[PDB]
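These notes concern the structure reproduced below.
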Amino acid sequence: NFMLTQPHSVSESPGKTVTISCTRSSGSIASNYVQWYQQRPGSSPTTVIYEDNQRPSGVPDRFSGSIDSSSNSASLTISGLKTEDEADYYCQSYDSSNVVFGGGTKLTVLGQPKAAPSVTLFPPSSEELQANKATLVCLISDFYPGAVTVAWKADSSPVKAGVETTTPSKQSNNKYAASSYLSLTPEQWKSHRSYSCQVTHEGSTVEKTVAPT
Amino acid sequence: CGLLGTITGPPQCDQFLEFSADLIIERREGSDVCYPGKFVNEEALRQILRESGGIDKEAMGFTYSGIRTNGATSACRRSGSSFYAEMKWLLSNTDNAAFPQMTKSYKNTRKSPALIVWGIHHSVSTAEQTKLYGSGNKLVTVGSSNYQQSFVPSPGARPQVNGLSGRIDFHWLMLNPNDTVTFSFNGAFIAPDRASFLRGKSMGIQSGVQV
Amino acid sequence: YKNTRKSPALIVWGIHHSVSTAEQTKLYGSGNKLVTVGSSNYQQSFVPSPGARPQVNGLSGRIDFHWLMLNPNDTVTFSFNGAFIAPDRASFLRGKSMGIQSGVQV
Amino acid sequence: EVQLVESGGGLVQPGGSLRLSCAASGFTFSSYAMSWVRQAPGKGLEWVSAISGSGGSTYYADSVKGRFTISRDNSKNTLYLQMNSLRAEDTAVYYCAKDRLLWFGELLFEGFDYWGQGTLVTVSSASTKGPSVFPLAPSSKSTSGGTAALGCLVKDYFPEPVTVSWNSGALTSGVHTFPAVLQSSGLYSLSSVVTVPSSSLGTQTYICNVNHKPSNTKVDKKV
Ligand SMILES: *[C@@H]1O[C@H](CO)[C@@H](O)[C@H](O)[C@H]1NC(C)=O
Ligand SMILES: *[C@@H]1O[C@H](CO)[C@@H](O)[C@H](O)[C@H]1NC(C)=O
């Protein structure tokens, strides 16, 4: 089969115009139909596009579908954003008997100026190193919009096993917060040269590093 | 099995692709098609088959290069999705949405005239047509020494039959011995895999009574 | 349209052949127009033929009519993007009669 | 008005079974193929299986093939999904989605047009556990504009909630207790940190007060 790739974060101001792209790894994009589902948080998904451009009855004309065969992409487009358009947007396509879902895109209507996140990275405590355990804590606070990507690196190299990342939730001040805990064992902790927590927000990366002692 | 279903081979007619008879009986429940469609000049072809004595099938030996030849649906269902056993639903590439201009030809080396059949697909919409056979104006031509005719697909919504609102139009000519048939097509083609020859003489009837 | 009556229905439609491709797109917009008619025992498709023609009743256009007969409970379905003269009423036959052609008095 | 409704969601120990049932109404149920879509709690959509209008053809996804069995009863306008040999990974929200075609799995898929409200299937060997608190020590007397970062780490606790106060409720300004993460083990975990002046480092005592009621485990910890 194949895989579809949408951005994690998209943001714009009310009345402006966004586009959410969806790129297909293998096989042409114009070799089967593409959908666009939208999921407002706490509700089931609903379908705003089918057959790559068609609006169901009851979908505002500001939603449009598209297919760019050159970039092998399908692109949703929303004109004149409302506040109720804030949701997650999944693209979908099809193969032999396989239904491929996009990663999902978080569409944020800016209600306050953007704020880069604040990263605070802690090593494992010497006490947990006595429990023969080791845990890295990457605390991410005071960012808007509420979309981040957390990547861990073992001394120069991606490490995805043992990571647990929270869904961003709103703080008291209408800004979002998240956490990410990498689980390790003390033998791997003292093994490498350094450990890093990379937080990606709106196309900017804030990297922090820790080390044994 | 419908009497015309012996030529195309829908799932009902799998046991009647090469029959040989003196007396042929059609029943009221016989359907020539699985994927909805109908034969141009159906009755003439039925009248030809009723006195045919049977059908002999010879592979026409078309080879297709760099397109999709597995076209299938769950209307013509044998194992899972399938299609007519004597024909092939030519689609486009998964890699590229193009259907190359193809030229496929057959020479009747035999002493008896050959029953050549083929289909033209009328997709549910131009969207569907462009998704299967690629974008652009689609055109299929057929030619021999006697017969010549060209076909363009007519996409549109038809009433639901076996779940499909599309239709296939089945056409046919009879190649004389040593003559040649040639198919130009850049999409919307249901190509024949095997040809059909008449085994002798017979009589067909229509009835609903015991044998 | 579905035939809800206990007798075959008579469906008639028309296609409009405009005087030009300009006339034709004025009425129905730009594009290529195609009408597809389909039922169980019937499937056919028609294309408008626009172009120059001599006048008949001072009109250079034409409207030709087509017709099938819907068997009971069979559904007819049209697909058109222009040049369609749509039927409003279907016709049902009443029984037996006899037709003649004559030029004398009753 | 087309409306779908799912029932049967619950909590299941891994290695167990559960029979979900989606209820259909407002359309001709026999002539529209049906499918089951799931969504992990905080992840994307994932199609699970599908079934034709007749019910003869049944198509499963790879991740669930052989363990899941889909079926339907066209007379009861009801859909079913038999989930067997359940795992932690299969914990998600399950929707029934009306397909646009009669047949599934043929050359072309027009998507779904209606989605049921959803049902939560949770799979975890949920043994109630008291946390184990660890101190998050501050940096080596390094600071930014006077600030500093130290906190307490609550680890491997179940179930929610816990309460973390600092110095028996004295320290309020500069504290931030983060939401818990539901890690792979079926358990929760969270932290809480304070932004303190870098001067008092080494000259003051900061005590964090963790209270877990269901485990009756309450621990004060010093950084
Ligand atoms: C057809 O051609 C073959 C040789 O190519 C020849 O033997 C045969 O007589 C021909 N038949 C007719 C009817 O022309
Ligand atoms: C036509 O359809 C109606 C409604 O389903 C049915 O009651 C009736 O028996 C049918 N009659 C014929 C002649 O098809």
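Residues in the structure tokens are numbered from 1 in each chain, the chains being A, B, ... in the order shown, and ligands are numbered from 1 in the order shown.
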Per residue of chain B within 10 Å of ligand 1, note the shortest atom pair and the distance in Å to one decimal, counting only C-alpha atoms and all ligand atoms, and order the rows by chain and increasing residue number, as CSV.
```
residue,atom,partner,partner_atom_place_in_ligand_line,distance
B:108,CA,ligand 1,1 (C),8.8
B:109,CA,ligand 1,1 (C),6.7
B:110,CA,ligand 1,1 (C),7.9
B:111,CA,ligand 1,13 (C),6.7
B:112,CA,ligand 1,13 (C),9.1
B:176,CA,ligand 1,13 (C),8.3
B:177,CA,ligand 1,13 (C),5.6
B:178,CA,ligand 1,1 (C),4.9
B:179,CA,ligand 1,1 (C),8.5
```
How would the residues just chosen look if you wrote them out with C-alpha atoms as a CSV table (one decimal), in the first residue's frame?
```csv
chain,number,residue,atom,x,y,z
B,108,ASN,CA,-7.9,-15.0,-38.1
B,109,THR,CA,-5.7,-17.9,-39.3
B,110,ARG,CA,-8.6,-20.4,-39.3
B,111,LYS,CA,-11.0,-21.5,-42.0
B,112,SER,CA,-14.2,-20.4,-40.3
B,176,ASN,CA,-13.5,-13.5,-42.3
B,177,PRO,CA,-10.6,-16.0,-42.7
B,178,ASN,CA,-7.2,-14.5,-43.2
B,179,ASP,CA,-8.5,-11.0,-42.5
```
* Asked: Once you count only C-alpha atoms and all ligand atoms, which residues end up within 12 Å of ligand 2, and could you hand them over as JSON, numbers by chain?
  -> {"C": [2, 3, 4, 5, 6, 7, 8, 70, 71, 72, 73, 74, 75]}
Next, the residues of the selection above should be written as a compact mmCIF listing (two decimals), in the first residue's frame with C-alpha atoms.
```
# COMPACT_ATOMS: atom_id res chain seq x y z
CA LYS C 2 -40.50 4.80 -11.47
CA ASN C 3 -43.51 3.18 -13.14
CA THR C 4 -46.08 2.75 -10.36
CA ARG C 5 -48.89 1.59 -12.67
CA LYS C 6 -49.91 -1.86 -13.85
CA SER C 7 -49.17 -1.21 -17.54
CA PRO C 8 -46.21 -0.12 -19.68
CA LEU C 70 -41.10 1.65 -19.43
CA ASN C 71 -42.32 -1.77 -18.32
CA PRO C 72 -44.15 -1.83 -14.96
CA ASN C 73 -41.96 -1.16 -11.90
CA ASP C 74 -38.95 -0.43 -14.13
CA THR C 75 -37.07 2.77 -13.33
```
* Report as a VMD selection string the set of chain B residues whose atoms approach chain C to within 12 Å, with distances computed over only C-alpha atoms. => chain B and resid 31 33 36 to 40 42 122 to 126 137 152 to 162 165 to 170
Just-selected residues, N, CA, C and O atoms written as a short mmCIF file (atom, residue, chain, number, x, y, z; two decimals), in the first residue's frame:
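Ended up saving to out-v9.cif:
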```cif
data_model
loop_
_atom_site.label_atom_id
_atom_site.label_comp_id
_atom_site.auth_asym_id
_atom_site.auth_seq_id
_atom_site.Cartn_x
_atom_site.Cartn_y
_atom_site.Cartn_z
N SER B 31 -29.41 -14.58 -17.79
CA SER B 31 -28.90 -13.22 -17.91
C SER B 31 -27.54 -13.25 -18.57
O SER B 31 -26.63 -13.93 -18.08
N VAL B 33 -25.36 -10.93 -18.68
CA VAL B 33 -24.43 -9.97 -18.11
C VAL B 33 -24.42 -10.10 -16.59
O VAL B 33 -25.40 -10.51 -15.97
N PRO B 36 -23.66 -4.54 -15.48
CA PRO B 36 -24.83 -4.22 -16.31
C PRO B 36 -24.45 -3.63 -17.67
O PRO B 36 -23.52 -2.83 -17.81
N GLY B 37 -25.18 -4.06 -18.69
CA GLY B 37 -24.95 -3.62 -20.05
C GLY B 37 -25.80 -4.46 -20.97
O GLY B 37 -26.52 -5.37 -20.53
N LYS B 38 -25.73 -4.14 -22.26
CA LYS B 38 -26.50 -4.90 -23.24
C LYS B 38 -25.80 -4.91 -24.59
O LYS B 38 -24.99 -4.03 -24.90
N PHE B 39 -26.11 -5.94 -25.37
CA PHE B 39 -25.47 -6.16 -26.67
C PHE B 39 -26.14 -5.31 -27.73
O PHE B 39 -27.37 -5.32 -27.87
N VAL B 40 -25.34 -4.57 -28.50
CA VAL B 40 -25.83 -3.99 -29.74
C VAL B 40 -26.13 -5.11 -30.73
O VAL B 40 -25.34 -6.04 -30.89
N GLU B 42 -28.44 -7.45 -30.40
CA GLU B 42 -28.43 -8.66 -29.59
C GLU B 42 -29.07 -9.83 -30.32
O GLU B 42 -28.48 -10.91 -30.42
N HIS B 122 -19.06 2.78 -20.14
CA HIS B 122 -19.68 4.08 -19.87
C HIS B 122 -19.62 4.29 -18.36
O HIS B 122 -20.47 3.78 -17.62
N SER B 123 -18.60 5.01 -17.91
CA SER B 123 -18.41 5.23 -16.49
C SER B 123 -19.55 6.09 -15.91
O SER B 123 -20.27 6.80 -16.63
N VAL B 124 -19.72 6.02 -14.58
CA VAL B 124 -20.82 6.73 -13.92
C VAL B 124 -20.70 8.24 -14.11
O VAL B 124 -21.71 8.95 -14.24
N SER B 125 -19.48 8.77 -14.13
CA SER B 125 -19.26 10.19 -14.36
C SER B 125 -17.87 10.39 -14.97
O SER B 125 -17.02 9.51 -14.90
N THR B 126 -17.66 11.58 -15.55
CA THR B 126 -16.35 11.92 -16.08
C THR B 126 -15.28 11.82 -15.01
O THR B 126 -14.14 11.41 -15.29
N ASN B 137 -10.05 13.28 -23.75
CA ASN B 137 -11.11 12.70 -24.59
C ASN B 137 -10.74 11.28 -24.97
O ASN B 137 -9.69 11.04 -25.56
N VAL B 152 -16.94 6.28 -28.73
CA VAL B 152 -16.56 7.24 -27.69
C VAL B 152 -17.43 6.97 -26.47
O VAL B 152 -18.65 6.78 -26.61
N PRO B 153 -16.85 6.92 -25.27
CA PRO B 153 -17.66 6.64 -24.06
C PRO B 153 -18.63 7.77 -23.74
O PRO B 153 -18.35 8.95 -23.95
N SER B 154 -19.80 7.37 -23.20
CA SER B 154 -20.88 8.28 -22.82
C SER B 154 -21.07 8.20 -21.31
O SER B 154 -22.00 7.52 -20.83
N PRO B 155 -20.22 8.86 -20.52
CA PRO B 155 -20.35 8.77 -19.06
C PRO B 155 -21.63 9.43 -18.58
O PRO B 155 -22.12 10.41 -19.15
N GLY B 156 -22.19 8.85 -17.52
CA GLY B 156 -23.46 9.32 -16.98
C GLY B 156 -24.08 8.28 -16.07
O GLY B 156 -23.67 7.12 -16.03
N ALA B 157 -25.08 8.74 -15.32
CA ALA B 157 -25.79 7.90 -14.36
C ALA B 157 -26.89 7.08 -15.04
O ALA B 157 -27.76 7.63 -15.72
N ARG B 158 -26.84 5.77 -14.83
CA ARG B 158 -27.87 4.84 -15.25
C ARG B 158 -28.54 4.22 -14.03
O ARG B 158 -27.98 4.26 -12.92
N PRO B 159 -29.75 3.67 -14.17
CA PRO B 159 -30.43 3.08 -13.00
C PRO B 159 -29.62 1.92 -12.42
O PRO B 159 -28.95 1.18 -13.14
N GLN B 160 -29.67 1.79 -11.10
CA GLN B 160 -28.90 0.76 -10.42
C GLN B 160 -29.32 -0.64 -10.85
O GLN B 160 -30.50 -1.01 -10.75
N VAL B 161 -28.35 -1.42 -11.33
CA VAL B 161 -28.53 -2.84 -11.60
C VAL B 161 -27.29 -3.56 -11.09
O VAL B 161 -26.17 -3.26 -11.53
N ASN B 162 -27.49 -4.49 -10.14
CA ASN B 162 -26.39 -5.18 -9.44
C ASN B 162 -25.41 -4.17 -8.85
O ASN B 162 -24.19 -4.33 -8.95
N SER B 165 -24.21 1.80 -11.38
CA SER B 165 -24.91 2.74 -12.24
C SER B 165 -24.18 2.97 -13.54
O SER B 165 -24.64 3.77 -14.37
N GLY B 166 -23.05 2.30 -13.76
CA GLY B 166 -22.41 2.33 -15.05
C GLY B 166 -22.92 1.24 -15.97
O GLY B 166 -23.65 0.33 -15.57
N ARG B 167 -22.53 1.33 -17.24
CA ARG B 167 -22.95 0.34 -18.23
C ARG B 167 -21.81 0.04 -19.18
O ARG B 167 -21.01 0.92 -19.52
N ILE B 168 -21.73 -1.22 -19.61
CA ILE B 168 -20.82 -1.67 -20.64
C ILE B 168 -21.63 -1.98 -21.89
O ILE B 168 -22.65 -2.68 -21.81
N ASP B 169 -21.20 -1.45 -23.03
CA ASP B 169 -21.85 -1.72 -24.31
C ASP B 169 -21.02 -2.74 -25.08
O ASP B 169 -19.86 -2.48 -25.41
N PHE B 170 -21.61 -3.90 -25.36
CA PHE B 170 -20.90 -4.99 -26.04
C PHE B 170 -21.15 -4.92 -27.54
O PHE B 170 -22.31 -4.93 -27.98
#
```
Run DSSP on the backbone and tell me which residues of range 8-38 of chain C come out as helix (DSSP H, G or I); list them as a PDB file with N, CA and C atoms, in the first residue's frame.
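Full text of result20.pdb as output:
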```pdb
ATOM      1  N   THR C  21     -22.361  26.567 -32.171  1.00  0.00           N
ATOM      2  CA  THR C  21     -21.828  26.251 -30.885  1.00  0.00           C
ATOM      3  C   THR C  21     -21.897  27.456 -30.024  1.00  0.00           C
ATOM      4  N   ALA C  22     -22.220  28.608 -30.556  1.00  0.00           N
ATOM      5  CA  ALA C  22     -22.288  29.767 -29.743  1.00  0.00           C
ATOM      6  C   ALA C  22     -23.646  29.819 -29.225  1.00  0.00           C
ATOM      7  N   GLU C  23     -24.632  29.550 -30.065  1.00  0.00           N
ATOM      8  CA  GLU C  23     -26.013  29.563 -29.631  1.00  0.00           C
ATOM      9  C   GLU C  23     -26.131  28.548 -28.573  1.00  0.00           C
ATOM     10  N   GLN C  24     -25.674  27.343 -28.827  1.00  0.00           N
ATOM     11  CA  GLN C  24     -25.720  26.300 -27.855  1.00  0.00           C
ATOM     12  C   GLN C  24     -25.100  26.612 -26.566  1.00  0.00           C
ATOM     13  N   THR C  25     -24.004  27.346 -26.488  1.00  0.00           N
ATOM     14  CA  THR C  25     -23.431  27.637 -25.185  1.00  0.00           C
ATOM     15  C   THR C  25     -24.095  28.801 -24.546  1.00  0.00           C
ATOM     16  N   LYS C  26     -24.899  29.515 -25.288  1.00  0.00           N
ATOM     17  CA  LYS C  26     -25.558  30.596 -24.654  1.00  0.00           C
ATOM     18  C   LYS C  26     -26.618  30.034 -23.808  1.00  0.00           C
ATOM     19  N   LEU C  27     -27.283  29.029 -24.295  1.00  0.00           N
ATOM     20  CA  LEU C  27     -28.372  28.471 -23.574  1.00  0.00           C
ATOM     21  C   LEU C  27     -27.916  27.600 -22.479  1.00  0.00           C
ATOM     22  N   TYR C  28     -27.015  26.704 -22.770  1.00  0.00           N
ATOM     23  CA  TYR C  28     -26.584  25.805 -21.753  1.00  0.00           C
ATOM     24  C   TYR C  28     -25.191  25.955 -21.232  1.00  0.00           C
TER      25      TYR C  28
END
```
* residue 205 in chain B surroundings by only C-alpha atoms, 8 Å radius, close-in-sequence under 2 positions cut, as number ranges by chain -> B: 23-26, 50, 203, 207
* Residue contacts of range 130-147 of chain D (8 Å, only C-alpha atoms) excluding same-chain residues fewer than 3 positions away, as a PyMOL selection string -> (chain A and resi 122-125+127-128) or (chain D and resi 150-158+195-199+201+210+212+215-217+219+221-223)
If we count only C-alpha atoms and set the cut-off at 7 Å, which residues sit around range 89-105 of chain C, ignoring sequence neighbours fewer than 6 positions away in its own chain? Please answer as a PDB file with N, CA and C atoms, in the first residue's frame.
```pdb
ATOM      1  N   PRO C   8     -47.389  -0.832 -19.173  1.00  0.00           N
ATOM      2  CA  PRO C   8     -46.208  -0.121 -19.679  1.00  0.00           C
ATOM      3  C   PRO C   8     -46.463   1.374 -19.819  1.00  0.00           C
ATOM      4  N   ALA C   9     -45.423   2.156 -19.540  1.00  0.00           N
ATOM      5  CA  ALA C   9     -45.442   3.606 -19.672  1.00  0.00           C
ATOM      6  C   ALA C   9     -44.690   4.033 -20.929  1.00  0.00           C
ATOM      7  N   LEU C  10     -45.088   5.174 -21.485  1.00  0.00           N
ATOM      8  CA  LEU C  10     -44.468   5.738 -22.681  1.00  0.00           C
ATOM      9  C   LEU C  10     -43.723   7.005 -22.280  1.00  0.00           C
ATOM     10  N   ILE C  11     -42.397   6.964 -22.337  1.00  0.00           N
ATOM     11  CA  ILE C  11     -41.565   8.104 -21.973  1.00  0.00           C
ATOM     12  C   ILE C  11     -41.019   8.717 -23.250  1.00  0.00           C
TER      13      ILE C  11
END
```
Contact check, chain D to chain B, at most 7 Å, counting only C-alpha atoms, closest pairs as a tab-separated table:
```
residue	atom	partner	partner_atom	distance
D:102	CA	B:163	CA	5.7
D:103	CA	B:74	CA	6.5
D:106	CA	B:73	CA	5.4
```
